[PDB]
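Some notes on the structure that comes next.
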Amino acid sequence: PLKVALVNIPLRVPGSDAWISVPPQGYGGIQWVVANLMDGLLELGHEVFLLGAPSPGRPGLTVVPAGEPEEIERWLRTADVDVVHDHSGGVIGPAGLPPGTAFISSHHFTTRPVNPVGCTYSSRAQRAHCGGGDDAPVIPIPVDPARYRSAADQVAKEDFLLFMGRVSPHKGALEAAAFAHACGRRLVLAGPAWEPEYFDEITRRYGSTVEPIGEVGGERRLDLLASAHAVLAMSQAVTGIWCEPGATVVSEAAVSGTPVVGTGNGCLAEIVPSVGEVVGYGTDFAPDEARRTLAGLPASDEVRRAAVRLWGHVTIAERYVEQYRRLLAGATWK
Amino acid sequence: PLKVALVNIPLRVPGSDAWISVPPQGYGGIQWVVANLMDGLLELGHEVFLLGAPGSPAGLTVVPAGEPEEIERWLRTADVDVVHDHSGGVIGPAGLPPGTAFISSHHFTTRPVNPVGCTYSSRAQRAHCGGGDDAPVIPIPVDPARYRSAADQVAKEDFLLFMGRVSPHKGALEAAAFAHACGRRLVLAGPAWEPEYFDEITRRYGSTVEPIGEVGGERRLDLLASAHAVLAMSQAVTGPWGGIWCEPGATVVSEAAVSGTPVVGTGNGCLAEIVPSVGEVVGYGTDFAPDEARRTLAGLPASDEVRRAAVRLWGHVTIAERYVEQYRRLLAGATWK
Ligand SMILES: O=c1ccn([C@@H]2O[C@H](COP(=O)(O)OP(=O)(O)O)[C@@H](O)[C@H]2O)c(=O)[nH]1
Ligand SMILES: O=c1ccn([C@@H]2O[C@H](COP(=O)(O)OP(=O)(O)O)[C@@H](O)[C@H]2O)c(=O)[nH]1
C-alpha cells in the first residue's frame with residue numbers, strides 16, 4: 001500500500017484566519033475532488049496524508065496541520081511518503097522532495113500548470129487547452145456516493161432547476177436563468193454572488209424565474225442536489241478563453257440522482273452527455289426545444305449508475321494509483 | 001513604419017453589453033498598458049489598429065471586433081505587419097496572413113497559451129511563467145501626458161492611497177495595516193468584489209480606511225497625484241488562478257510615479273524590480289512597527305524624483321521602441337520560447 005500526501009489548495013475562509021476544510025463547508029470544487037479522492041484512496045487501503053487543509057477521524061487518514069505553503073513544503077521535505085499528489089496548482093512542486101518520492105498533480109485550472117511534468121487533467125479538452133502532451137493521463141473528477149444522497153435517502157424530486165457554483169459569467173448563471181425560463185421552471189441560484197452588476201442583470205432579466213439563495217453548504221447542499229429536477233452547468237467561452245476543466249457539480253448532481261443540462265464548454269462536452277444533454281451557448285433558448293431537452297434527460301437511477309460507472313470514487317482512485325506506480329517505476333511525461 | 005494590430009483583453013462592462021474601452025472607464029490595467037503603448041507607437045509614427053475594445057476614443061483605428069470570434073475573423077484578413085496580443089491568448093498565431101508577425105505581452109501570473117513570441121513585464125513573471133532567457137522583458141509603459149504633470153500643481157494631501165481590486169493577493173488589508181502604522185488614512189480606491197475580506201479590513205482598520213469604491217477619469221488622476229504615497233502591497237498568497245500569487249507588472253506603480261507620487265510596496269514578483277526605483281519595498285503581512293513605517297514614509301523620494309524615474313524607465317516612447325525593435329526582429333524571422 002502507498003503512503004500518499006494529498007496537497008489540497010491552501011485557502012483561508014474569507015474574512016477569517018480559519019482554513020477552508022476538506023471537504024469544504026461551502027463553495028469549493030477542488031476541496032471536493034480531494035475528499036472523494038481520499039475516500040477512494042482509503043477504501044483501497046492506502047495511507048493518506050491531507051495537506052493544505054488544516055478538518056475532519058477515519059482510519060488511514062492523517063490531517064497534517066500544514067496549510068501555509070511554506071509549512072507544506074517544509075513538511076514535504078522530510079515526509080516519509082511515496083506520492084506527493086498536488087491539487088493546489090503548484091503551490092508546491094517536485095524540487096526538495098526526498099529521493100524516490102513520486103510527484104503527481106491533478107490540474108484543476110483553465111491556465112497551463114506550474115508543474116507540467118507528471119500532470120493529469122480532468123478532460124481531454126483541458127489537457128489540449130493547457131498544452132498537455134498526448135501521453136499525459138486524463139482522469140475525470142471522482143465521486144463518492146456516500147458523500148451524497150442515495151436512493152435509500154428518500155429525497156423526493158421537485159420542480160426547480162438548480163445552479164450550483166459561483167454566480168459568474170464563465171459559470172453561465174444568466175444562461176441557466178435563460179434555460180429555466182424557457183422551460184417555464186424556477187431556477188434556484190445557489191452560489192456565492194460577488195459580482196453585483198452581473199447578479200443584478202440576472203434578476204433584472206429573469207427575476208421571476210430565479211430564486212437567489214446565496215452560497216450553500218452541508219445538508220441543504222445535498223438536499224438541493226438530490227431534489228432538483230435538473231442541474232444546469234452552463235459555462236461559457238468568455239474571457240483565457242474560459243474552458244471548463246472538470247466540472248465538479250456534474251458528478252455531484254449525477255451521483256445525487258440528478259441529470260444535467262450543460263454546454264459543450266471544455267470538459268462539459270465530454271461528460272455531460274453521459275448524464276444529460278449539451279445545449280448551445282447564449283440565452284436564446286426556444287421554449288419547446290428546451291422543455292423537450294428537459295424531457296429526454298435520464299432518470300435518477302440511470303445518472304446515478306453512470307456517475308459511479310464512470311467517475312466512482314474507488315474506480316477513479318484506482319486509476320490514480322496506477323499512475324502513482326508508473327511514476328514510482330520511473331515513468332514520466334510530459 | 002508599421003501597422004500594428006493591438007489586441008486588448010476583450011471584456012464587457014459588468015452587467016452591460018457594451019465593451020470596456022481603452023483606456024478603461026474605470027478599473028483595468030491591461031487596458032491602460034495598451035492605451036499607454038498605443039500612444040508610444042502612435043508617436044513613433046506607426047499605425048495602430050485596436051481590437052478587443054470596440055467603442056474606445058478614436059493614426060489610430062479602433063476596430064468594431066470585441067468578441068474573440070469577431071477579432072480572429074478580422075485578423076485572418078487584415079493587412080498588418082504585426083499582431084500584438086495583450087489578451088492572454090484569446091487569439092493566436094494560427095490563421096494570420098503569411099508574413100504577419102506574432103507577439104504577445106504577457107499580463108498574467110500563469111503560463112501563456114502562446115509562449116512563442118511572448119514578452120513579460122518582469123523577470124519574476126518570466127521565470128515564474130517558465131519563460132526562456134531569450135524572451136524579452138519589457139515593463140509597463142507610462143505616458144506622462146495621460147496623468148498629472150508638475151505644471152498641473154496638484155496640491156499634495158496627507159493620505160495614503162490604494163488603487164486596485166480589494167482582493168487578498170493585492171494586499172488591501174496589509175496596506176490598511178501599513179497606513180494605520182503610519183497613523184495616516186488609507187484612501188481605499190477600487191472594486192470591493194469580496195465582502196468578507198473587505199468586511200475584514202473595515203473591522204480591523206475602520207478608523208484608518210476610507211473606502212471610495214471604483215474610480216476613473218479626473219478623480220482617478222487627482223488621487224494618483226495628491227496622495228502622499230501609493231500602496232502596492234501584493235501578497236505571496238495562494239489563489240483561484242492556481243499557484244502562489246506573483247505580481248507580473250503592477251501597473252499602478254508607473255502611474256503613481258509619473259504622477260509625482262512615491263510608492264510603498266512589497267517584494268512580490270515584479271514589485272521587487274520596480275518599487276525601489278520609485279519608493280520602498282517592505283515585508284509581507286500586517287506587522288508594521290509604527291515608527292519604522294513612519295521612517296519608511298518620510299524617507300520616500302519627492303515628486304520630481306519619481307516622475308523623472310518613471311519616464312526614464314517606463315516612458316511610453318522608450319518602451320514602445322523596445323517593442324518595435326522586437327516587431328522587426330520577428331518580421332526578420334527571429335523566434336523565441
Ligand atoms: O453555494 C454553493 C455553490 C457551489 N458549491 C460547490 O462548489 C463546487 C463548484 O466547483 P466547480 O468545479 O463545479 O465550479 P468552479 O469551482 O470551477 O467554479 C461544487 O462542489 C459545488 O457543490 C457549494 O458548496 N455551495
Ligand atoms: O478604482 C480603481 C482601481 C484601479 N484602477 C486601475 O486598475 C489598474 C490596476 O491594475 P494592476 O496591474 O495594478 O492590478 P491588477 O490588474 O493585477 O488587478 C490600474 O490601471 C489602476 O490605475 C482604476 O482605474 N480605478
Side-chain angles (χ1 to χ4, degrees), chain A residues 6-11 13-14 19-40 50 52-53 55 85-91 105-111 113 120-123 125-126 129-130 139-144 147-148 162-173 176 189-194 214-218 220-222 224-225 231-236 240 242-256 258 260 262-263 265-268 270-272 275 307 311 313 316 320, chain B residues 238-243:
Chain A
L6 296 183
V7 190
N8 168 68
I9 182 167
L11 232 23
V13 172
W19 296 91
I20 294 170
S21 60
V22 170
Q25 284 176 68
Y27 178 75
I30 302 173
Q31 301 91 330
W32 265 115
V33 174
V34 183
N36 309 104
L37 182 49
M38 61 160 199
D39 284 8
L50 186 65
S55 121
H85 196 154
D86 190 28
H87 283 90
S88 67
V91 161
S105 349
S106 294
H107 193 52
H108 313 98
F109 313 95
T110 54
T111 37
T120 69
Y121 306 86
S122 328
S123 58
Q126 189 200 21
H129 279 270
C130 297
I139 306 174
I141 301 301
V143 69
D144 187 4
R147 295 281 179 188
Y148 293 105
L162 181 75
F163 172 95
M164 255 238 176
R166 20 166 21 227
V167 175
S168 296
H170 57 295
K171 294 328 277 179
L189 192 78
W194 282 12
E215 193 179 355
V216 290
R220 207 179 173 188
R221 183 185 163 266
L222 297 189
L224 283 158
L225 288 160
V231 164
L232 317 196
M234 310 273 180
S235 328
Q236 312 280 315
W242 184 261
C243 198
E244 196 70 57
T248 251
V249 74
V250 177
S251 48
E252 315 178 334
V255 100
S256 304
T258 293
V260 183
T263 61
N265 192 246
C267 79
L268 302 165
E270 276 160 60
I271 52 163
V272 164
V275 289
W311 315 310
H313 70 316
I316 282 325
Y320 279 112
Chain B
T238 163
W241 41 93

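Basis for what follows: all heavy atoms, side chains included, without hydrogens, waters or symmetry-related copies. Below, chains carry the letters A, B, ... as their sequence lines are ordered, and counting in each starts from 1.
- Scanning for salt bridge (charged side-chain N to carboxylate O under 4.0 Å, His left out) contacts around A:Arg220 gives an empty result, with sequence neighbours left out.
- For the pair A:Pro113 and A:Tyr121, the minimum side-chain heavy-atom distance is below 4.5 Å.
- Listed by first and then second residue, the salt bridge (charged side-chain N to carboxylate O under 4.0 Å, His left out) pairs involving residues 27-40 of chain A are A:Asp39-A:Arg58, A:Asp39-A:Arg147 (not counting sequence neighbours).
- The backbone N or O of A:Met234 sits nowhere less than 3.5 Å from a side-chain atom of A:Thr263 that would complete a donor-acceptor pair.
- Between the side chain of A:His108 and the main chain of A:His87, a donor-acceptor pair closer than 3.5 Å is present.
- The one candidate from A:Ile139, A:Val33, A:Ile141, A:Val143 that meets the side chain to side chain contact (heavy atoms under 4.5 Å, CB included) condition with A:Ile316 is A:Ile139.
- Within the 4.5 Å cutoff, no side-chain heavy atoms of A:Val231 are placed close to those of A:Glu252.
- In plain terms, the two heavy atoms of A:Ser235 and A:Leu268 that are nearest each other are OG-CD1, 3.7 Å.
- Residues passing the ring-ring contact (aromatic ring centres under 6.0 Å, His included) test with A:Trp32 are A:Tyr148, sequence neighbours excluded.
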- Report the C-alpha distance between A:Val7 and A:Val91 in whole Å, list the side-chain angles of each, state the deciding distance to 0.1 Å, and finish with yes or no for side-chain contact (heavy atoms from CB on, under 4.5 Å). CA-CA 9 Å; A:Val7 190; A:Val91 161; 5.7 Å; no
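- Formation of a donor-acceptor pair under 3.5 Å by the A:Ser55 side chain with backbone atoms of A:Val22 is found in this model.
- A pairwise comparison of heavy atoms in A:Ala233 and A:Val250 identifies CB-CG2, 4.2 Å as the closest pair.
- By the salt bridge (charged side-chain N to carboxylate O under 4.0 Å, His left out) test, A:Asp144 pairs with no residue at all, sequence neighbours left out.
- Here the CG atom belonging to A:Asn36 is positioned 8.0 Å from the OG1 atom belonging to A:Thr248, to the nearest 0.5 angstrom.
- Of the N and O atoms on the side chains of A:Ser106 and A:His85, at least one donor lies less than 3.5 Å from an acceptor on the other residue.
- Here the closest heavy-atom approach between residue A:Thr111 and residue B:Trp241 is recorded as OG1-O, 3.3 Å.
- A pairwise comparison of heavy atoms in A:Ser21 and A:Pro23 identifies OG-O, 2.6 Å as the closest pair.
- In A:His129, the NE2 atom is not crowded: 12 or fewer heavy atoms of neighbouring residues, nucleotides or ligands sit closer than 6.0 Å.
- Here the closest heavy-atom approach between residue A:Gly266 and residue A:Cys243 is recorded as CA-SG, 3.2 Å.
- Between A:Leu11 and A:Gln31, the closest side-chain pair of non-hydrogen atoms falls below 4.5 Å.
- In terms of the side-chain contact (heavy atoms from CB on, under 4.5 Å) criterion, residue partners of A:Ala173 (sequence neighbours excluded) are, by chain and number, A:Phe163, A:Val167, A:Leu189, A:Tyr198, A:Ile202.
- Each of A:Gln236, A:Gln126, A:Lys171 was checked for a side chain to side chain donor-acceptor pair (under 3.5 Å) with A:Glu244, and the lone residue meeting it is A:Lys171.
- Proximity of a side-chain donor or acceptor of A:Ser122 to a complementary backbone N or O of A:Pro140 within less than 3.5 Å is not detected.
- A:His313 meets the ring-ring contact (aromatic ring centres under 6.0 Å, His included) test with no other residue; sequence neighbours excluded.
- One distance of note links CH2 of A:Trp194 with CD of A:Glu215; it measures 7.0 Å at 0.5 Å rounding.
- Between A:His107 and A:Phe109, the ring-plane angle classifies as perpendicular under the 30° and 60° cut-offs.
- Atom CD1 of A:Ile271 sits about 5.0 Å away from atom CH2 of A:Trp311, to the nearest 0.5 Å.
- Nearest heavy atoms, A:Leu225 versus A:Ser256: CB-OG, 3.6 Å.
- With a 6.0 Å radius and a threshold of 12 heavy atoms from other residues, nucleotides or ligands, A:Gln25 has its CD atom at or below the threshold.
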